[PDB]
Each structure stands twice: as C-alpha cells, then as structure tokens.
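S.K.: Provided hereafter are the protein sequence and its experimental coordinates.
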Amino acid sequence: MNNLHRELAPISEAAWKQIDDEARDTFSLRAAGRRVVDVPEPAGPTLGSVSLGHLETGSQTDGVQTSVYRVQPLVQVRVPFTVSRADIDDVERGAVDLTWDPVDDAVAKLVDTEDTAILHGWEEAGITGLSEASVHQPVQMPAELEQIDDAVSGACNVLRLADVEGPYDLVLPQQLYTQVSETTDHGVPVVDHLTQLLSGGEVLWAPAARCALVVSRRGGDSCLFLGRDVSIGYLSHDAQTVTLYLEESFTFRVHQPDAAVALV
Amino acid sequence: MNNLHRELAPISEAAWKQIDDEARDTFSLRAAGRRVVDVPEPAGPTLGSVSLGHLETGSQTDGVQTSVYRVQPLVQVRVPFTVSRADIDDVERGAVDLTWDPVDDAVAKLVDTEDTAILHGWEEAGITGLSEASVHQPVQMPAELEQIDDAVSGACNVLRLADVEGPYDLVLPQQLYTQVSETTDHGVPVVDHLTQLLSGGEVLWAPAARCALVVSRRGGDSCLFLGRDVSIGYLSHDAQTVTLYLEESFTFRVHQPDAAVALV
Amino acid sequence: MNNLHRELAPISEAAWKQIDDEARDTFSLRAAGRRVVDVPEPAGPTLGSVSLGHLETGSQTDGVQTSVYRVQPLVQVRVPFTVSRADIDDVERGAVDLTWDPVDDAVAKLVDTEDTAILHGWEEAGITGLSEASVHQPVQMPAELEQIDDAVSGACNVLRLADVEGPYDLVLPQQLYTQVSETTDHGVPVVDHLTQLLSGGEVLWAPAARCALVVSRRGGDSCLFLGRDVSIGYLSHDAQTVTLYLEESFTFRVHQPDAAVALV
C-alpha cells in the first residue's frame, strides 16, 4: 500500500473505475492552464524543491566566502469530498445514471486553484503566475468585441518586438469566450481572423481563468513541475458515506517573463 | 571549459599536478569529520537542496488544504589564495623542494570550516552539527587523563542504552590526542583500553575539532551531501602571482541525534 | 489474513518495513537472556503446553490405577503502542530521521518481561528462572570490583564441582557492566582475566537483568519454548494515530538447576 489507502475503502472495483474516470475526465476538460505551459513527467514523491540556479551571498568572513543556493519548495493540495455508499453499491447493480457531483465539485476546486496559481500566482506557495511575471504593459481591449482583433494584433506585435515569436494562444474567461464566439462582425466570424492573427494558434476556453492573456507556444518559457499527480485517496467511512480526497503536489515557475502578455 | 577556468591560468601541467596533489593530500590528512560521517557520491552542480521529507502546514481555506514541503539548501565555500609564478616556472625546471604554503593554508581553512560545520554546526548555512543535535547530556571527563576510560565507558553505555550500538569512534582535539597518547597509567598505555572499550573503534586525530565526542559507526545516522567537491579554480593573474581558489558545495544533516554524544 | 490484521492498518509498505525492522533490531540488541539459553525453532500457534515427562498419582481404586500427566501451559504477552500517522506518511515522502520511540519502548517492555521470566521467573505464568531454580548457594561478590575475579573463580569452581563443565558466561546488570569495564586494577583490565577464568566465555551486557549470574554453555540445561514469535499486529486507528501491538507466546523451563549460579 502507498499513502493512498485505497484497499481500506468500502468501494468496489467498478465503482473505483467510475470514480477515478469521472475525476480524470472532468480535470482534462476543465483544466486549461495545463495546455499553455510545458508539463514534464512527474518526478515522484521524494522530490520537494526546484533549484532556481542562483545563489544568495549572505556574508563572507576572512578567507572563506559563503553563499547559499536558492530553491523553491513544492506545495501539495488536498481537496476532500464525500460520496454515497448507496451509489457505490448500485455501481455493481448496474446503474449508469450516477452523477458524481461531489467528485466534479472537488475536481473543479482543484482545477480552479491550479489555474489560478499558473496564471495569476498563488502568492502563498511562492508561485508567480504568467500575468504577474510579465514585463509587458497590459494591452487594452476595445469594447463591443468586434475590435478584439486590434488587441490581439497589439499583443502579438508586442511579443514579436520582444523577440518571443511562435504560435500564440489567447486564453479567455468563459464569459468572454461566449461573447467572442457569438460576435460575428459583418456576418464573418471574428474567430477566424483571431486564428489568422495567432499564427495558427487556438482560442482557449478557460472556466477557471479571471483575465485574458496571450502566450507564445515556442516552448521553454514556463513550466509546471509535478512531484506527484492528481490522485484519489481514502480518509474515512461511516455507515452512510465514504470520504475521499484529491491530492496533487506541484509548483509553477516562469523562465521568460516576456513570452506572455495580459489583455486586461 | 567549466566554471573552473583552468586553461586560462598561466600554470603548466606539471605545476597543476603538483598543486592539485598537495591540496588533496593536505585535505585527506587534515580532514577528520569526513571519516565519522557517511559521504555519498557527489550529486553534481545542478543539485541545490535536500528535501527533509516533512511538510509545514501554513494555512488551509475552504475545501482546499495547502502544505509546503520542507527543504534545506546547499551552501558553497570558496577560499582564494595566491601562488608564485617563480615557483610555477621552477616546477618544469626541476624543483622538488617547493612548499605550497598558500595551498596548505587554504586547505586548512576549508578543512576547519567543514569540520566545524559537521561537528558543531555552522548556524549560518542552517547546518546543525553532531554536538548541537545530540539528545544526550554531555559526559564529563575526569582529570589527569588516566581515567579517560571512565568517560569513554559512560559514553558507550549511554549510546548502548539509547539502542544505538555499533563500533564507536572517539574524536579528540589535537592537544587532547597528544596528552592521551603520552598518558601511560602504570606503564600500560590507556589507548589499548580505550580501543577495547570502543568495540574495535579508533581514536581519531582531529586538528580542526574543538570538543571531544563519541559517534557510532553503524551507518545511516548522519550524512554529508556534496553537490560539487573540493576543486581548484582560477581567478586572475598579474606579472608576479597567480590567484586560485578552493571551492566546495555541500550540506550536512543529522538523521539520528542519539548516535553521538559529547564528552565535554 | 492471520490473527495479525496487518492489511487492515493504514500503514504503507515502507513504513511497515521501517517499523518491523526498528523493533527487531531493538529486540536483538536489548535481549540478553536469549543468548544464555537454548532457543529451538518456533513450534506454531497450535501448541499450548510442554509435557514435563512426569506423572502425578492422585488416587487409585480397586484394580484400576489412575495417574495424570504433568504439563506446563504456554503464556502469551501483548504490549500495545501508538504510532503517528504523520510519521507513517512521511516514510514515503523520504524521512530517514524518524525515531520510533513508541516501538522502542514497547520492545523494551517485552524484553524486560521476557528476561525477568528467564532469569528470575515470572511466578505468574508458572515459570521459574535460573536464579530461583539454582541448587547452589549464592557466591558473594567482593567490593571495589578489583576482586570480582575471586567471585568468578568461586562460581566456576562450584559449577565444576557440580560436574557441570563447559564455557561459562557471566551475565551482569548494565551498571555493574559499566563499572567492571572501567575497572583496571594495576593498569591491566580485569575483563581479560575474567574471560580467561570463563574458559573462553563472554561477559554479557543485560540491561533488563536485576542480578549477576554465571551459566554454563554446554547445552541442554535450560530451554525457551516459543510457540509464536515476537510479531507486530494491528488493533485500531483514528484520524491521528495507529494502534499496534507486539505479541509473543512462550514458556521457559530449567532442566538442570546446577548449571547456573547466582553471584549476589
């Protein structure tokens, strides 16, 4: 057994397969910050920090000179939720109409916190997001949404002058995504022009985002370091419900501040 | 070239071989803390921290619970020294009577700082030594040095009651080593009785030590983590001298506080 | 599953390996009565008594004569202790600085009770120890510890006159072991003379002993019968701690009372 005490849970194998598939599908559909950043393979549970590559010189006495390496520790996130033993039992009885609402809510919370850390920064785990770690001034957005191409072109040209280059992605909040998708100009959808401006990039639907922003996709400008990965574990159970949790250990770091620009 | 800009130094190959051999021999003879602790293979220049394996829980809001891994960063030490171009030139002319006094002094400084960090702790790099990270009260030492066996037996029995076990080593300052070696009781050297008490261990000569202490040698109680290793590098040169430095990146950590006891 | 409900404990496999290794190492180092007696292989959980080989004649009526075999039942010992779920979780996170103090304390209790049963007898499980089941009068010990050779020689000669023979072992309490090890006569350690007197035997450090005693090592004079063996099992767990226990089923019996003598 690992730290995920899964064989100690009163949950059958089919119910486990349904539960860890609903959560994974919800995470894959709901998470948009994972797409804009580079995500390497999970290091493992032993890894606990990322070396920044720099040294802080504190003090130096006589011949001896002393300097300390600079590192950023990882942060773990646990979101607990309760599921129904009646549903878990019906899973083998053949129910296919089970909506794992607690699982979806927990995945939503995890996705929200991870996307907020990636895009704006957590400022509690020491993470600085793309929006905060951006040297470019925010590019204003025109009203009525028929002229969003102006802001997109301005952002792309700011990135080009920053020698950033590469296919760009425009990440929008869900409401702005709705409005831009419904906007049509003179009967010609603005999304086609936006895709043409993005040099082959895509407009992304980010339900957990809180601001619009353009990022290059050349590669190597930001990275999400995962020690562990999104996993489901067991906490306790009573005669009515079973308590589980979603756990993830990670950090996020921005190597090149100029590869992203904020369209606020 | 690496960060040790050695091909940019006005030093011949025979002079390099003499210089990096004098320093290595002086370090091997002078360093005694390396013998009492476990030293794994050097990790490399990229490694910058050691994960303690623990988590600090700072705060937790709504469903999300947040905890941060605990790590200890490495520390680098650089000791510069100047050598004579006349000596470097005489090295190929055939001089074998060259005493690299600056090199010996720099190695002495490096050995002193490393041994102090290992045994008493640096309290500047975050290192806690064996003496400070000891849960056992200090075992007093009798006077006149004929009864040092009493203190040795008391320390060994304290370690045995702590379930520590294993061949013990008694590390002494150089002066106390002289006095114990010259002490003879009733014509029978006390060193033989001390070795018998130590369960096959050895009495160690530590010129850089500042206190006497007994450590078990079972293995796994303390560890010195080396990112880089003791290396010689180049800084500058003028028409008279060449400036070099000794560099080492390391940390020290005590896993089991009870395996060592302080005989002060 | 056996009666040790180990798969029902919220403990990982690495934590199990650390827990059942700390206890075993502590038992091996701390237990000294196991060394002085013969310990055969564990019989099993079904065995419940040892047949003494004798018969008690209670009554006999008319032609029929009735006698009952004499047996000694085994006794089981359970020592419970609580361990921390935080430590168990850190075991996979990489902590190597975990001191299993509850486990050490439980092993100490088990070792103390077993050694007391072996040497002095439990008088609750029906066990009579070597000290109580000794036909030899106690051999007095001289003061100042420089003349302990006198008591050792007297004990060895009493055993020789009892036709016992064989390499003898002198079992001492921990305090007396310290004092004898530090005693040196005229600069010549008394331990060498004691070993010479013991006919190649060893002086044993017994932290759980309460009296000094010499036993022959010829073989077959006393025996510790183990049905089960020192094992770790699960009791319960809450959100903070996990409750485990150390269990052992045994008995001790003295075949030849004259092979041991008490130096009190």
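M.R.: Nice, I can see it. Numbering: from 1, shown residues only, chains lettered A, B, ... in the order given.

S.K.: isn't residue A:142 right next to residue A:150, touching?
M.R.: Yes: counting by CB atoms under 8 Å, residue A:150 is a contact partner of residue A:142 at 5.6 Å. Yep, even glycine has a C-beta here, placed from its N, CA and C like the rest.

S.K.: show me which of the two is the more surrounded one.
M.R.: The residue with more neighbours, out of residue A:142 and residue A:150, is residue A:150; 14 against 11, by other CB atoms under 10 Å in any protein chain shown.

S.K.: quick one: secondary structure of the more buried one?
M.R.: Secondary structure assignment for residue A:150 (DSSP: H, G, I helix; E, B strand; the rest coil): helix.

S.K.: against chain B, how distant is it?
M.R.: 38 Å (CB to the nearest CB, to the nearest Å).

S.K.: quick one: residues contacting that residue.
M.R.: residue A:142 (CB atoms under 8 Å, 6 or more residues apart in numbering or on different chains).

S.K.: for the residue lying farthest from the centre of chain A, which non-adjacent residue is spatially closest?
M.R.: In terms of distance from the mean C-alpha position of chain A, residue A:62 ranks first, at 48.1 Å (CA atoms, centre = their mean). In this structure, residue A:62 finds its nearest non-sequential neighbour in residue B:109, 7.6 Å apart by CB to CB, 6 or more residues apart in numbering or on different chains.

S.K.: in which helix or strand does that neighbour reside?
M.R.: helix B:101-119 (DSSP states H and E).

S.K.: quick check: buried residues in that helix?
M.R.: B:102-104, B:106-119 (16 or more other CB atoms under 10 Å in any protein chain shown).

S.K.: do the same with stretch A:55-75
M.R.: A:55, A:63-69, A:71-75.

S.K.: next to chain B, which bits of chain A? Give me the list.
M.R.: A:46-49, A:51-53, A:55, A:58-59, A:62-71, A:73-81, A:106, A:109-110, A:113, A:124-125, A:249 (CB under 8 Å from any CB of the partner chain).

S.K.: give me the subset of these lying in helices.
M.R.: Those of the residues of chain A next to chain B mapping onto helices are A:106, A:109, A:110, A:113, per DSSP state H.

S.K.: which residues touch the first one?
M.R.: Contact partners of residue A:106, counting by CB under 8 Å, 6+ apart, are A:23, A:79, A:80, A:81, A:245, A:246, B:63.

S.K.: swap in the last one?
M.R.: Taking CB under 8 Å, 6+ apart as the definition of contact, the neighbours of residue A:113 are A:77, A:122, B:64.

S.K.: same thing but at 7 Å, please
M.R.: Counting by CB atoms under 7 Å, 6 or more residues apart in numbering or on different chains, residue A:113 makes contact with A:77, B:64.

S.K.: look up how far chain C lies from it.
M.R.: For residue A:113, the distance to chain C - CB to the nearest CB - is 21 Å.

S.K.: excluding chain neighbours, what is closest to whichever residue of the stretch 1-150 of chain A sits closest to chain C?
M.R.: In the stretch 1-150 of chain A, no residue comes nearer to chain C than residue A:46, which is 4.5 Å away by CB to the nearest CB. The spatially closest residue to residue A:46, leaving aside those adjacent along the chain, is residue C:94, at 4.5 Å (CB to CB, 6+ apart).

S.K.: likewise for residue A:206?
M.R.: residue A:32 (3.8 Å).

S.K.: same check on residue A:124?
M.R.: residue B:66 (6.5 Å).

S.K.: contacting residues for that neighbour?
M.R.: So residue B:66 contacts A:75, A:77, A:124, A:125, B:58, B:59, B:60 (CB under 7 Å, 6+ apart).

S.K.: kindly reformat the residues you listed as JSON lines containing distance to residue B:38.
M.R.: Output for the contacts of residue B:66, formatted as JSON lines (distance: CB to CB, whole Å):
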{"residue": "A:75", "distance to residue B:38": "31"}
{"residue": "A:77", "distance to residue B:38": "35"}
{"residue": "A:124", "distance to residue B:38": "37"}
{"residue": "A:125", "distance to residue B:38": "33"}
{"residue": "B:58", "distance to residue B:38": "33"}
{"residue": "B:59", "distance to residue B:38": "37"}
{"residue": "B:60", "distance to residue B:38": "37"}
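
S.K.: out of those residues, which sit inside strands?
M.R.: A:75, A:77, B:58, B:59, B:60 (DSSP state E).

S.K.: including distance to chain C, could the residues you listed go into JSON lines?
M.R.: Below are the ones in strands among the contacts of residue B:66 laid out as JSON lines (distance: CB to the nearest CB, whole Å):
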{"residue": "A:75", "distance to chain C": "13"}
{"residue": "A:77", "distance to chain C": "15"}
{"residue": "B:58", "distance to chain C": "16"}
{"residue": "B:59", "distance to chain C": "18"}
{"residue": "B:60", "distance to chain C": "15"}
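
S.K.: report the secondary structure state of residue A:242.
M.R.: strand.

S.K.: now do the residue nearest to it when sequence neighbours are not counted against chain B, distance only.
M.R.: Sequence neighbours aside, residue A:83 is the residue nearest to residue A:242 in space, at 5.3 Å (criterion: CB to CB, 6+ apart). As judged by CB to the nearest CB, residue A:83 and chain B stand 14 Å apart.

S.K.: please name the bridge partners of the residue nearest to residue A:124.
M.R.: residue A:77, residue B:59 (DSSP bridges).

S.K.: same question for stretch A:83-96: list its buried residues.
M.R.: Buried-residue list, stretch A:83-96, by 16+ other CB under 10 Å: A:83, A:85, A:87, A:88, A:91.

S.K.: next: stretch A:204-214.
M.R.: Applying 16+ other CB under 10 Å to stretch A:204-214 flags A:204, A:205, A:206, A:207, A:208, A:209, A:211, A:212, A:213, A:214 as buried.

S.K.: single out the residue in the stretch 151-264 of chain A that lies closest to chain C.
M.R.: For the stretch 151-264 of chain A, CB to the nearest CB, closest residue to chain C: residue A:236, 7.1 Å.

S.K.: ok, that residue - contacts?
M.R.: Taking CB under 7 Å, 6+ apart, we find residue A:236 in contact with residue A:243.

S.K.: that one pairs with what?
M.R.: residue A:243.

S.K.: from the stretch 51-200 of chain A, which residue is nearest to chain B?
M.R.: residue A:51 (3.2 Å).

S.K.: residues near that residue, how many?
M.R.: 18.

S.K.: what's the closest non-adjacent residue to it?
M.R.: Going by CB to CB, 6+ apart, residue A:51 has residue B:48 as its nearest residue, at 3.2 Å.

S.K.: which residues are in contact with that neighbour?
M.R.: A:51, A:69, A:71, B:73, B:74.

S.K.: is it true that residue A:19 touches residue A:102?
M.R.: No: taking contacts as CB atoms under 7 Å, residue A:19 lies outside contact range of residue A:102: 9.8 Å.

S.K.: tell me the one among the buried residues of stretch A:204-214 nearest to residue A:173.
M.R.: residue A:209 (4.9 Å; CB to CB).

S.K.: test my guess that the closest one contacts residue A:118.
M.R.: No: taking CB under 7 Å as the definition, residue A:209 is not a contact partner of residue A:118, at 9.6 Å.

S.K.: perfect, I'm done here.
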